[PDB]
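I have placed the structure first, in the form of structure tokens, so that the comments after it can refer back to it.
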Amino acid sequence: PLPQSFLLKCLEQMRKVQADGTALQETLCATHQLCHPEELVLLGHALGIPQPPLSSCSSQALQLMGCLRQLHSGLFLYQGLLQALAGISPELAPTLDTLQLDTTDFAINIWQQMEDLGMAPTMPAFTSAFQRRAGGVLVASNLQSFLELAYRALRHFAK
């Protein structure tokens with residue numbers, strides 16, 4: 001159902017986003033020792049960082065149309081949050097910008113696949129330096145987990 005060409009392309013774009021998020025986390029973890037996304041979790045709720053549902057890419061409710069739809073709305077949310085992060089800091093802005101381009105490229109791809117398949121279709125304010133760094137750790141590790149789960153499920157409706 002899903003072409004191989006579409007899965008190779010997903011694998012490449014996903015490993016790209018994931019390598020960008022990793023570079024961000026390792027920069028935040030050695031410069032300012034925000035190294036454990038687990039401890040910033042209750043901050044996420046306060047800061048307005050949702051964790052987008054992917055129930056249709058789970059084994060319990062696995063459904064192709066559903067999974068594509070949630071993966072796209074999830075990516076579209078993240079694009080917005082990364083824009084609200086405003087680069088985090090001068091030294092972090094390039095890295096954030098690559099992350100944004102590569103997340104956008106991946107969302108274009110999932111939307112075009114939904115179109116080809118007939119499945120047609122305000123941000124938080126991060127007011128302080130601590131808020132932008134905690135935001136970045138949470139968006140970057142959330143995005144990495146989100147992609148791995150949706151990709152394992154895209155592999156199941158293979159070629």
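Each chain in the structure tokens gets a letter, A, B and so on, in the order shown; residues start at 1 in every chain, and ligands are counted from 1 in the order they appear.
Near residue 126 (chain A), within 7 Å and counting only C-alpha atoms, sit residues 84, 85, 124, 128, 131 and 132 of chain A; same-chain residues fewer than 2 positions away were not included.
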Give me the residues near region 34-43 of chain A as a ChimeraX atom specification, where near means some atom within 7 Å (using only C-alpha atoms) and where sequence neighbours in that chain fewer than 3 positions away do not count. /A:28-29,46-47,134,137-138,141
The distance between CA of residue 159 (chain A) and CA of residue 109 (chain A) is 16.3 Å
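Residue neighbourhood of residue 99 (chain A), excluding near-sequence residues (fewer than 4 positions): residues 16, 17, 18, 19, 20, 21, 24, 82, 94, 95, 103, 104 and 140 of chain A, at 9 Å, using only C-alpha atoms.
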Using C-alpha atoms, can you write the selected residues to a file as a CSV table (one decimal), in the first residue's frame?
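Saved result, part_34.csv, follows:
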```
chain,number,residue,atom,x,y,z
A,16,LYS,CA,17.5,13.6,9.8
A,17,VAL,CA,15.1,15.3,12.3
A,18,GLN,CA,16.3,12.9,14.9
A,19,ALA,CA,19.9,13.8,14.3
A,20,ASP,CA,19.0,17.5,14.5
A,21,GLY,CA,17.1,17.1,17.8
A,24,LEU,CA,20.1,20.3,20.3
A,82,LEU,CA,9.7,25.3,17.3
A,94,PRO,CA,21.1,27.7,13.4
A,95,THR,CA,20.5,24.3,14.9
A,103,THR,CA,10.5,19.0,10.3
A,104,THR,CA,8.7,21.0,7.7
A,140,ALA,CA,13.3,17.7,20.7
```
Practice problem: Select from region 107-140 of chain A everything DSSP, run on the backbone, classes as helix (DSSP H, G or I), then give the selection as a PyMOL selection string. | Solution: chain A and resi 107-117+129-140
Dump of N, CA and C atoms for the selected residues, as a short mmCIF file (atom, residue, chain, number, x, y, z; two decimals), in the first residue's frame:
```cif
data_model
loop_
_atom_site.label_atom_id
_atom_site.label_comp_id
_atom_site.auth_asym_id
_atom_site.auth_seq_id
_atom_site.Cartn_x
_atom_site.Cartn_y
_atom_site.Cartn_z
N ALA A 107 6.84 16.99 7.10
CA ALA A 107 5.40 17.12 7.11
C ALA A 107 4.84 17.25 5.70
N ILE A 108 5.57 17.90 4.77
CA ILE A 108 5.17 18.05 3.36
C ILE A 108 4.99 16.65 2.75
N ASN A 109 5.98 15.81 3.01
CA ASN A 109 5.97 14.47 2.52
C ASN A 109 4.76 13.63 2.95
N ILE A 110 4.41 13.66 4.26
CA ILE A 110 3.26 12.92 4.82
C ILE A 110 1.98 13.53 4.26
N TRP A 111 1.85 14.85 4.13
CA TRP A 111 0.66 15.41 3.49
C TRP A 111 0.46 15.00 2.04
N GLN A 112 1.53 14.99 1.21
CA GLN A 112 1.47 14.56 -0.19
C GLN A 112 1.13 13.09 -0.24
N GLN A 113 1.66 12.22 0.62
CA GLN A 113 1.22 10.85 0.63
C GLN A 113 -0.26 10.71 0.93
N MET A 114 -0.79 11.46 1.92
CA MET A 114 -2.24 11.45 2.21
C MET A 114 -3.02 11.92 0.99
N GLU A 115 -2.62 13.00 0.33
CA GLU A 115 -3.28 13.41 -0.90
C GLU A 115 -3.25 12.34 -1.96
N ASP A 116 -2.14 11.69 -2.21
CA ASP A 116 -2.08 10.64 -3.21
C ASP A 116 -2.98 9.47 -2.84
N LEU A 117 -3.24 9.25 -1.56
CA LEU A 117 -4.01 8.10 -1.10
C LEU A 117 -5.51 8.36 -1.02
N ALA A 129 14.83 32.57 29.44
CA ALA A 129 15.88 31.75 28.90
C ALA A 129 15.71 30.35 29.40
N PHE A 130 15.34 30.18 30.68
CA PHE A 130 15.09 28.84 31.20
C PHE A 130 13.91 28.23 30.48
N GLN A 131 12.86 29.01 30.24
CA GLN A 131 11.71 28.46 29.54
C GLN A 131 12.00 27.99 28.11
N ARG A 132 12.83 28.72 27.35
CA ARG A 132 13.16 28.32 26.00
C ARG A 132 14.05 27.07 25.98
N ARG A 133 14.96 26.89 26.94
CA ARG A 133 15.82 25.72 27.02
C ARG A 133 15.06 24.51 27.46
N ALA A 134 14.17 24.65 28.46
CA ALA A 134 13.37 23.52 28.89
C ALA A 134 12.42 23.13 27.76
N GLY A 135 11.83 24.11 27.06
CA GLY A 135 10.98 23.87 25.88
C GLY A 135 11.68 23.06 24.78
N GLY A 136 12.91 23.45 24.44
CA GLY A 136 13.73 22.81 23.44
C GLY A 136 14.05 21.37 23.80
N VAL A 137 14.42 21.08 25.04
CA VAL A 137 14.68 19.71 25.44
C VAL A 137 13.43 18.89 25.27
N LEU A 138 12.28 19.39 25.73
CA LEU A 138 11.03 18.65 25.63
C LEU A 138 10.53 18.50 24.19
N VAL A 139 10.54 19.53 23.36
CA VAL A 139 10.11 19.36 21.98
C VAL A 139 11.05 18.41 21.21
N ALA A 140 12.37 18.53 21.38
CA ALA A 140 13.31 17.70 20.68
C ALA A 140 13.21 16.25 21.09
#
```
Between A:65, A:33, A:125, A:142, smallest distance to residue 88 (chain A) by only C-alpha atoms belongs to A:125
**Request:** Write out as a ChimeraX atom specification the residues lying within 9 Å of residue 147 (chain A), counting only C-alpha atoms and excluding same-chain residues fewer than 3 positions away.
**Result:** /A:14,17-18,71,142-144,150-152
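Taking only C-alpha atoms into account, residue 51 (chain A) lies nearest to A:146 out of the set A:146, A:106, A:6, A:157.
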